[PDB]
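Novice: Before we start, here is the structure in question, set down as structure tokens.
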Amino acid sequence: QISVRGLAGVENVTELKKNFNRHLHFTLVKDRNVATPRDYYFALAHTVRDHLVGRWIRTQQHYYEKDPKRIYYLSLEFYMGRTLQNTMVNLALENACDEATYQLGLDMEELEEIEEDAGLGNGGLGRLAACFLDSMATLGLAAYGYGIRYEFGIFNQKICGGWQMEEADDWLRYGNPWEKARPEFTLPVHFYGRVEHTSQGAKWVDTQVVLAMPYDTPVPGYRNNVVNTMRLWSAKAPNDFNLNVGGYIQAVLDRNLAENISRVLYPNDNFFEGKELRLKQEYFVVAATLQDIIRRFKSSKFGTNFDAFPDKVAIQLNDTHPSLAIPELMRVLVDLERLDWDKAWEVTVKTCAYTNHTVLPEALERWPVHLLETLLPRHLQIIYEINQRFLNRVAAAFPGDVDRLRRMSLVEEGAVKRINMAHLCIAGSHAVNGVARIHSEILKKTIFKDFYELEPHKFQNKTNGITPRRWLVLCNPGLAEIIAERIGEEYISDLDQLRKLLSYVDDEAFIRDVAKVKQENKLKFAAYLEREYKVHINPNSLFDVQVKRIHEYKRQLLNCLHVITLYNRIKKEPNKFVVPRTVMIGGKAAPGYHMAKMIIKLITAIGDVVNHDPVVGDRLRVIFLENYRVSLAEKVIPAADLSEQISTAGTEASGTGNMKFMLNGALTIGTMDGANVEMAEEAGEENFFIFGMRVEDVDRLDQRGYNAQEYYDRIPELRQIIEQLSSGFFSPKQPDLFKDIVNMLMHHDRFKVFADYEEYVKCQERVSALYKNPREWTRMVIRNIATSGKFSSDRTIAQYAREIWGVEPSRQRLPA
Ligand SMILES: O=C(N[C@@H]1O[C@H](CO)[C@@H](O)[C@H](O)[C@H]1O)c1ccccc1
């Protein structure tokens, strides 16, 4: 139907149809008369997967022969979403499969909805890993993603009585056609035990063993015949585990304890919990991965001599979660390979690089020493030794500066002794990067200032990106097509080409097409809400959307205050015209985060009042988007008009949702925080709705002391809202329901919601004004899309490759 989705050749469609029928018969063991729609999805998935395997085998064969420097991206999260459409797009098979399924009397889109999200991540950090894998394959890098195969990913969110309920995400229930189990590469991981000293070095003995079994998932590049690997470890009990009838039975059932390591993703978005099971997950991925790395290095054309290790291996630590890679690599080199400390350390530093993903103090990993002492006794010893040698370097560089020593130490003294994992990562890496220019500067100026002064060369910026494959071509084919009509298809792997669209900003045909694509997206999403959730919205209204995990710093509460302001203004002057809005807010709250759960309840409670007020009519609707996840993002983002990016300046390291909205034709209201700053710089500040305190203003307010009451006293509209919340206007049966929210806003608000309220409301008025002028709204949209090229993860990854890993990207095809 549409050109960007590839050709539907006669030979291809015929071949797909017969391979589809073959899988249905031989693989699913069904015939057309008994086949469930799920069977049809699985038949298609197998048919598409077949087209991957030859390229997958030859790519990995190619790396063996050419022996390039290998990149290992270590993460505890890979937020992959669905795989079927992505694979079709990257292989140029989408139209052919659409045609083949049509002729079989099947709707492919319906089949696509049957696939479970691989929800092996919480939010931005996990999704970044997924975009990065796509870009690394597209850029022809010999890259491997290494993580954990959680049996249960991020919980499914149900809203019941306005409250979040969690249900297990049993994503493997029906099986995963995309993975290949590789039991031949099963590896032992050690826990507990004790350290013995002998004549020839330390030995780690009396350990418990858990097995690590890899599962490989293919990662196809965009139309370059490259297929890389994401390898995820699953925990398995050794067969002699724990080995009376009750005793026998119990010994078998106790195998569950070892396998619990890979059972479930920790649902903490921006917060730290020193739980033993989490530490075990962290070491499990690190120990198994490093053995795989070393095996592959020895089986190379060089391996014996580890001098060349950093020339053949790069290890990227996705935050501090896999930080145990540093002392684990030292352990292996020193204890097992018998290298001297100094050489081992040189190899380690040159091998490892660390990316920081937040400055929020509560999110930083600080493990109690007694935990590491029990679980990983050898690693604690190595960490102590790293610390002593590091602090000797500090002492020599800043003689007499005793407080610098305590500030820089990897060991934090106190009630309980802790290891600061961030300090470990800086010491043991040759590069440290933030994820947006302002974030990277904040690192050098505040939290890692001491380390920057000691080793300035180590610190870098790598502004985040998103993949234009999933986040344009896949989720917004209509916009991809109208763009390709003007400028061709090469922008898909070279997003800077979107700049050519600037010479169409006054093109009346293009303006009409951009606005038409948006309207179609909005109509489709408006229908989705009715069909799947029985809610009725006005598709002519401005689609005002804030989708992201629920946290105080992201200030969903500031959005709530605006919503209530609009409602109160309508109730004050009912017969006055206002630009109609559909306000959509969505995101999951971490199970133990009480405030975040209260915020969700507030949003739904506002909806209950606003959506049923006959005086409001269809002029204002407030909807909480349930179970926000990658697949829902692919639907809502193309439908959005207004992107809410309203974190307190200095708190959102980068953001990536922001970039997704920019690429898909929404305008942005936001603070000068994270990547918003660079987005506004690229598009031009006049083409952005910027408001609020800058980082410097926040700092000034902190020095003076933030007094929320001042704002309450001086803003009558704000006062009205707080009184409504307090008095039970939004909870008539439970008048005090929101007392905690009011108390926090008035007395302990770390994120200064009130301080930005006035500028926010005023900026929102400017948004409404522009929306009243469809032509000028769309021209500003075009100027955003046209300048979104910097925010492709292809650019981000090319910068990592050149400036950190020391490898050159390649756009050349491998043979088909
Ligand atoms: O999700 C996290 N950070 C997010 O990473 C994204 C990708 O770099 C950024 O875009 C977000 O701003 C940041 O909050 C996070 C959460 C807890 C600990 C460490 C990191």
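Scheme for the structure tokens: letters A, B, ... for chains in order shown; per-chain residue numbers from 1; ligand numbers from 1 in order shown.
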Need to verify the contact set: range 117-131 of chain A, 6 Å, only C-alpha atoms, exclusion of same-chain residues closer than 5 positions in sequence. Can you return it as a ChimeraX atom specification?

Specialist: /A:77-82,153-154,466-467

Novice: Can you tell me which residues surround range 539-556 of chain A at a distance of at most 8 Å, considering only C-alpha atoms, apart from same-chain residues fewer than 5 positions away, and format the answer as a PyMOL selection string?

Specialist: chain A and resi 123+269+519+522-523+526+579-590+595-596+599-600+619+628+639-648+651-652+657+751+753+771

Novice: Could the residues of chain A that have an atom at most 7 Å from ligand 1 be listed as CSV, each with its closest atom pair and the distance in Å to one decimal, counting only C-alpha atoms and all ligand atoms and ordered by chain and ascending residue number?

Specialist:
```
residue,atom,partner,partner_atom_place_in_ligand_line,distance
A:123,CA,ligand 1,1 (O),5.8
A:124,CA,ligand 1,6 (C),4.1
A:125,CA,ligand 1,5 (O),4.0
A:128,CA,ligand 1,7 (C),5.5
A:268,CA,ligand 1,17 (C),6.8
A:269,CA,ligand 1,16 (C),4.8
A:270,CA,ligand 1,17 (C),3.5
A:271,CA,ligand 1,17 (C),5.6
A:319,CA,ligand 1,19 (C),6.1
A:357,CA,ligand 1,3 (N),4.5
A:358,CA,ligand 1,20 (C),5.3
A:363,CA,ligand 1,18 (C),5.0
A:364,CA,ligand 1,18 (C),6.7
A:435,CA,ligand 1,8 (O),5.6
A:464,CA,ligand 1,8 (O),6.4
A:652,CA,ligand 1,12 (O),4.3
A:653,CA,ligand 1,12 (O),3.8
A:654,CA,ligand 1,12 (O),3.9
A:655,CA,ligand 1,10 (O),3.3
A:656,CA,ligand 1,10 (O),4.9
A:674,CA,ligand 1,12 (O),6.7
```

Novice: Write the selection just made, keeping C-alpha atoms, as a short mmCIF file (atom, residue, chain, number, x, y, z; two decimals), in the first residue's frame?

Specialist:
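Written output follows (again.cif):
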```
data_model
loop_
_atom_site.label_atom_id
_atom_site.label_comp_id
_atom_site.auth_asym_id
_atom_site.auth_seq_id
_atom_site.Cartn_x
_atom_site.Cartn_y
_atom_site.Cartn_z
CA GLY A 123 11.54 3.15 31.50
CA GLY A 124 14.13 5.44 29.93
CA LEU A 125 17.31 3.55 30.84
CA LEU A 128 17.84 3.52 25.71
CA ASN A 268 12.37 0.76 40.92
CA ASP A 269 12.39 3.82 38.68
CA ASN A 270 14.86 6.34 40.15
CA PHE A 271 15.36 4.88 43.68
CA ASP A 319 24.88 3.04 35.08
CA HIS A 357 21.95 8.16 34.11
CA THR A 358 20.87 10.26 37.14
CA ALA A 363 18.94 6.55 43.12
CA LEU A 364 22.67 6.04 43.78
CA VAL A 435 23.55 11.71 28.72
CA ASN A 464 20.89 10.47 24.17
CA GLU A 652 15.85 14.83 34.35
CA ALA A 653 19.28 13.64 33.14
CA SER A 654 18.19 13.65 29.49
CA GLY A 655 14.72 12.34 28.79
CA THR A 656 14.04 10.34 25.61
CA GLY A 674 18.03 17.50 30.25
#
```

Novice: Running DSSP on the backbone, which parts of range 430-576 of chain A land in helix (DSSP H, G or I), as a ChimeraX atom specification?

Specialist: /A:437-447,449-454,456-458,469-474,477-487,490-493,495-504,508-533,552-554,556-572

Novice: For CA of residue 169 in chain A and CA of residue 622 in chain A, quote the distance in Å rounded to one decimal.

Specialist: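 For CA of residue 169 in chain A relative to CA of residue 622 in chain A, the distance reads 27.2 Å.
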
Novice: Between CA of residue 285 in chain A and CA of residue 138 in chain A, what is the spacing in Å?

Specialist: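 Spanning CA of residue 138 in chain A to CA of residue 285 in chain A is a straight-line distance of 25.5 Å.
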
Novice: Find the residues near residue 484 in chain A: any atom within 12 Å, counting only C-alpha atoms, skip ones fewer than 5 places away on the same chain, and give them as an MDAnalysis selection string.

Specialist: chainID A and resid 2:5 472:473 477:479 489:492 495 497:498 500:501 510

Novice: Any idea what's packed within 12 Å of residue 635 in chain A, counting only C-alpha atoms, ignoring anything in its chain fewer than 2 positions away? Could you give it as a ChimeraX atom specification?

Specialist: /A:113,470-472,474-477,520-529,547,625,628-633,637-640,660-661,664

Novice: Please, could you write that set of residues out with N, CA and C atoms as a tab-separated table (two decimals), in the first residue's frame?

Specialist:
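The resulting file, result_36.tsv, is shown below:
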```tsv
chain	number	residue	atom	x	y	z
A	113	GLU	N	-0.97	-7.36	17.35
A	113	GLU	CA	-1.45	-7.03	18.70
A	113	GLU	C	-1.41	-8.21	19.66
A	470	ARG	N	11.94	2.24	14.92
A	470	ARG	CA	10.77	2.05	15.80
A	470	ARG	C	9.96	3.34	15.98
A	471	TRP	N	10.65	4.47	16.17
A	471	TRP	CA	9.99	5.71	16.60
A	471	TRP	C	9.57	6.66	15.49
A	472	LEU	N	9.64	6.20	14.25
A	472	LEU	CA	8.98	6.92	13.14
A	472	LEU	C	8.38	5.95	12.12
A	474	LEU	N	8.06	2.65	11.97
A	474	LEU	CA	7.19	1.62	12.54
A	474	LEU	C	5.88	2.17	13.09
A	475	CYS	N	5.96	3.18	13.95
A	475	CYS	CA	4.78	3.64	14.68
A	475	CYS	C	4.00	4.73	13.94
A	476	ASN	N	4.65	5.38	12.98
A	476	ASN	CA	4.02	6.46	12.23
A	476	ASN	C	4.30	6.35	10.72
A	477	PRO	N	3.79	5.28	10.07
A	477	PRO	CA	4.07	5.08	8.64
A	477	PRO	C	3.58	6.24	7.76
A	520	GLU	N	-5.46	11.87	11.24
A	520	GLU	CA	-5.65	10.43	11.09
A	520	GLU	C	-5.14	9.65	12.31
A	521	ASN	N	-3.95	10.01	12.79
A	521	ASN	CA	-3.38	9.40	14.00
A	521	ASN	C	-4.27	9.61	15.21
A	522	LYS	N	-4.81	10.82	15.33
A	522	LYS	CA	-5.71	11.17	16.43
A	522	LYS	C	-7.04	10.42	16.37
A	523	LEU	N	-7.58	10.28	15.16
A	523	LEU	CA	-8.82	9.54	14.95
A	523	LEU	C	-8.64	8.08	15.31
A	524	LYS	N	-7.54	7.49	14.84
A	524	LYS	CA	-7.20	6.10	15.15
A	524	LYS	C	-7.06	5.87	16.66
A	525	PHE	N	-6.33	6.75	17.35
A	525	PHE	CA	-6.14	6.62	18.80
A	525	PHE	C	-7.43	6.88	19.57
A	526	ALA	N	-8.24	7.81	19.07
A	526	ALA	CA	-9.56	8.09	19.65
A	526	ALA	C	-10.48	6.87	19.58
A	527	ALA	N	-10.37	6.13	18.48
A	527	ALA	CA	-11.13	4.90	18.29
A	527	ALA	C	-10.60	3.77	19.17
A	528	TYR	N	-9.28	3.69	19.31
A	528	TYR	CA	-8.62	2.71	20.18
A	528	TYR	C	-9.17	2.79	21.60
A	529	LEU	N	-9.28	4.02	22.11
A	529	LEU	CA	-9.78	4.25	23.46
A	529	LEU	C	-11.20	3.72	23.66
A	547	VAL	N	3.35	11.22	29.26
A	547	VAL	CA	3.52	9.79	29.49
A	547	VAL	C	4.97	9.50	29.89
A	625	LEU	N	-4.03	7.10	31.20
A	625	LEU	CA	-3.65	6.04	30.27
A	625	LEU	C	-3.06	4.84	31.02
A	628	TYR	N	0.89	1.97	30.63
A	628	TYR	CA	1.85	2.57	29.72
A	628	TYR	C	3.12	1.72	29.60
A	629	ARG	N	3.50	1.43	28.36
A	629	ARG	CA	4.56	0.50	28.01
A	629	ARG	C	4.95	0.82	26.56
A	630	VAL	N	5.99	0.17	26.04
A	630	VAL	CA	6.50	0.49	24.68
A	630	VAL	C	5.39	0.43	23.62
A	631	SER	N	4.60	-0.64	23.61
A	631	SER	CA	3.56	-0.79	22.59
A	631	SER	C	2.49	0.30	22.66
A	632	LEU	N	2.17	0.78	23.87
A	632	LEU	CA	1.23	1.90	24.02
A	632	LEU	C	1.84	3.24	23.59
A	633	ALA	N	3.13	3.41	23.85
A	633	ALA	CA	3.87	4.59	23.39
A	633	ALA	C	3.84	4.73	21.86
A	637	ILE	N	2.07	8.38	21.04
A	637	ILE	CA	3.02	9.42	20.61
A	637	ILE	C	2.69	10.03	19.22
A	638	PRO	N	2.46	9.21	18.18
A	638	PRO	CA	2.01	9.80	16.89
A	638	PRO	C	0.70	10.59	16.96
A	639	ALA	N	-0.13	10.32	17.96
A	639	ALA	CA	-1.41	11.00	18.11
A	639	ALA	C	-1.33	12.31	18.91
A	640	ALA	N	-0.17	12.61	19.48
A	640	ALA	CA	-0.06	13.75	20.39
A	640	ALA	C	0.13	15.08	19.66
A	660	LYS	N	10.99	11.48	21.10
A	660	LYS	CA	9.97	10.71	20.37
A	660	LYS	C	8.82	11.59	19.90
A	661	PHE	N	8.32	12.44	20.80
A	661	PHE	CA	7.26	13.42	20.49
A	661	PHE	C	7.67	14.45	19.44
A	664	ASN	N	7.58	13.03	15.92
A	664	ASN	CA	6.25	12.62	15.50
A	664	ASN	C	5.22	13.74	15.40
```

Novice: Show me, as JSON, numbers by chain, the residues that have an atom within 6 Å of residue 350 in chain A when counting only C-alpha atoms, minus same-chain residues fewer than 3 positions from it.

Specialist: {"A": [310, 347, 430]}

Novice: Mind dumping the selected residues with N, CA, C and O atoms as a short mmCIF file (atom, residue, chain, number, x, y, z; two decimals), in the first residue's frame?

Specialist:
```cif
data_model
loop_
_atom_site.label_atom_id
_atom_site.label_comp_id
_atom_site.auth_asym_id
_atom_site.auth_seq_id
_atom_site.Cartn_x
_atom_site.Cartn_y
_atom_site.Cartn_z
N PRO A 310 42.30 -4.72 25.75
CA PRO A 310 41.56 -3.48 25.47
C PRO A 310 41.48 -3.09 23.99
O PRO A 310 40.71 -2.21 23.63
N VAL A 347 44.76 -2.88 32.12
CA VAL A 347 43.83 -3.55 31.21
C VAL A 347 42.37 -3.21 31.54
O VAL A 347 41.59 -2.90 30.64
N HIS A 430 38.07 4.35 31.86
CA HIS A 430 38.83 5.37 31.13
C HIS A 430 37.92 6.50 30.62
O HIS A 430 38.41 7.54 30.21
#
```

Novice: Output as JSON lines one row per residue of range 219-289 of chain A within 10 Å of range 172-186 of chain A: the closest atom pair and its distance in Å to one decimal place, counting only C-alpha atoms, sorted by chain and residue number ascending.

Specialist:
```
{"residue": "A:219", "atom": "CA", "partner": "A:178", "partner_atom": "CA", "distance": 9.9}
{"residue": "A:230", "atom": "CA", "partner": "A:179", "partner_atom": "CA", "distance": 9.3}
{"residue": "A:231", "atom": "CA", "partner": "A:179", "partner_atom": "CA", "distance": 9.2}
{"residue": "A:232", "atom": "CA", "partner": "A:179", "partner_atom": "CA", "distance": 9.4}
{"residue": "A:233", "atom": "CA", "partner": "A:186", "partner_atom": "CA", "distance": 9.0}
{"residue": "A:234", "atom": "CA", "partner": "A:186", "partner_atom": "CA", "distance": 9.4}
{"residue": "A:235", "atom": "CA", "partner": "A:186", "partner_atom": "CA", "distance": 9.7}
{"residue": "A:236", "atom": "CA", "partner": "A:186", "partner_atom": "CA", "distance": 9.1}
{"residue": "A:288", "atom": "CA", "partner": "A:186", "partner_atom": "CA", "distance": 8.7}
```

Novice: Quick one: everything within 12 Å of residue 669 in chain A, counting only C-alpha atoms, minus sequence neighbours fewer than 4 positions away in the same chain. Send it as a ChimeraX atom specification.

Specialist: /A:544-546,559,641-647,658,661-662,673,676-677,679-680,685-692,759-768

Novice: Output as a PDB file with N, CA and C atoms, in the first residue's frame all residues of range 476-575 of chain A that backbone DSSP marks as strand (DSSP E).

Specialist:
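Saved the output as out.pdb:
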```pdb
ATOM      1  N   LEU A 542      -7.179  19.538  21.400  1.00  0.00           N
ATOM      2  CA  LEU A 542      -5.728  19.460  21.488  1.00  0.00           C
ATOM      3  C   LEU A 542      -5.360  18.266  22.369  1.00  0.00           C
ATOM      4  N   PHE A 543      -4.588  17.332  21.813  1.00  0.00           N
ATOM      5  CA  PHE A 543      -4.130  16.161  22.575  1.00  0.00           C
ATOM      6  C   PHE A 543      -2.894  16.508  23.410  1.00  0.00           C
ATOM      7  N   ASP A 544      -3.141  16.747  24.692  1.00  0.00           N
ATOM      8  CA  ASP A 544      -2.154  17.194  25.667  1.00  0.00           C
ATOM      9  C   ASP A 544      -1.679  15.967  26.456  1.00  0.00           C
ATOM     10  N   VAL A 545      -0.457  15.508  26.193  1.00  0.00           N
ATOM     11  CA  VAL A 545      -0.003  14.244  26.798  1.00  0.00           C
ATOM     12  C   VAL A 545       1.307  14.270  27.604  1.00  0.00           C
ATOM     13  N   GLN A 546       1.229  13.665  28.786  1.00  0.00           N
ATOM     14  CA  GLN A 546       2.386  13.408  29.636  1.00  0.00           C
ATOM     15  C   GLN A 546       2.462  11.915  29.952  1.00  0.00           C
ATOM     16  N   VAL A 547       3.349  11.215  29.262  1.00  0.00           N
ATOM     17  CA  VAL A 547       3.522   9.793  29.492  1.00  0.00           C
ATOM     18  C   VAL A 547       4.966   9.501  29.890  1.00  0.00           C
TER      19      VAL A 547
END
```

Novice: Might you pull out every residue within 12 Å of residue 808 in chain A, with only C-alpha atoms counted and same-chain residues fewer than 6 positions away left off, and present them as a PyMOL selection string?

Specialist: chain A and resi 68-71+136+139-142+797-802

Novice: Grab the residues selected above and save them as a short mmCIF file (atom, residue, chain, number, x, y, z; two decimals), in the first residue's frame with N, CA, C and O atoms.

Specialist:
```cif
data_model
loop_
_atom_site.label_atom_id
_atom_site.label_comp_id
_atom_site.auth_asym_id
_atom_site.auth_seq_id
_atom_site.Cartn_x
_atom_site.Cartn_y
_atom_site.Cartn_z
N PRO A 68 37.01 -8.18 14.64
CA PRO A 68 37.01 -6.75 14.97
C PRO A 68 37.01 -6.55 16.48
O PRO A 68 36.82 -7.51 17.24
N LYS A 69 37.24 -5.32 16.93
CA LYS A 69 37.06 -5.00 18.34
C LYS A 69 35.59 -5.19 18.68
O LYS A 69 34.70 -4.69 17.97
N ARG A 70 35.33 -5.94 19.74
CA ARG A 70 33.96 -6.25 20.16
C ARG A 70 33.46 -5.31 21.25
O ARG A 70 34.18 -5.02 22.20
N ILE A 71 32.21 -4.88 21.11
CA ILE A 71 31.57 -3.98 22.07
C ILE A 71 30.56 -4.75 22.91
O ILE A 71 29.64 -5.38 22.37
N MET A 136 23.45 0.16 16.88
CA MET A 136 24.72 -0.56 16.75
C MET A 136 24.72 -1.56 15.59
O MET A 136 25.72 -1.70 14.89
N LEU A 139 24.67 0.35 12.29
CA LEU A 139 25.96 0.97 12.01
C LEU A 139 27.08 -0.05 11.85
O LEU A 139 28.26 0.32 11.79
N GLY A 140 26.71 -1.32 11.78
CA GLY A 140 27.65 -2.40 11.48
C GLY A 140 28.72 -2.63 12.52
O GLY A 140 29.84 -3.02 12.19
N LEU A 141 28.39 -2.39 13.79
CA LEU A 141 29.36 -2.61 14.86
C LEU A 141 29.24 -4.03 15.40
O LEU A 141 28.14 -4.57 15.48
N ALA A 142 30.37 -4.63 15.76
CA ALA A 142 30.38 -5.96 16.34
C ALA A 142 29.97 -5.87 17.82
O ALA A 142 30.81 -5.99 18.71
N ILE A 797 25.40 6.77 19.00
CA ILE A 797 26.24 5.57 18.92
C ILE A 797 27.53 5.80 18.13
O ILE A 797 28.59 5.28 18.50
N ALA A 798 27.45 6.58 17.06
CA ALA A 798 28.64 6.97 16.29
C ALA A 798 29.63 7.74 17.18
O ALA A 798 30.84 7.58 17.05
N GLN A 799 29.11 8.57 18.10
CA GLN A 799 29.95 9.30 19.05
C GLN A 799 30.60 8.39 20.11
O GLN A 799 31.79 8.53 20.39
N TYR A 800 29.84 7.45 20.68
CA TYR A 800 30.41 6.41 21.56
C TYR A 800 31.51 5.63 20.84
O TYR A 800 32.61 5.43 21.38
N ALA A 801 31.21 5.17 19.63
CA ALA A 801 32.15 4.38 18.85
C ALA A 801 33.47 5.11 18.63
O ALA A 801 34.54 4.55 18.86
N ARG A 802 33.38 6.36 18.19
CA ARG A 802 34.58 7.13 17.85
C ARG A 802 35.32 7.67 19.07
O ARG A 802 36.54 7.62 19.12
#
```

Novice: Compare A:60, A:709, A:778, A:14 by their minimum atom-to-atom distance to residue 508 in chain A, counting only C-alpha atoms, and give me the closest one.

Specialist: A:778

Novice: Would you please work out which residue, of A:198, A:228, A:109, A:481, is nearest to residue 137 in chain A when using only C-alpha atoms?

Specialist: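 Comparing A:198, A:228, A:109, A:481 against residue 137 in chain A, the winner is A:228.
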
Novice: Ranking A:811, A:747, A:518, A:379 by minimum distance to residue 135 in chain A and counting only C-alpha atoms, which one comes first?

Specialist: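 Ranked by minimum distance to residue 135 in chain A, first place goes to A:811.
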
Novice: Let me make sure I understand: among A:683, A:649, A:360, A:324, which one has the smallest atom-to-atom distance to residue 695 in chain A if we use only C-alpha atoms?

Specialist: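 Using only C-alpha atoms, residue 695 in chain A sits closest to A:649.
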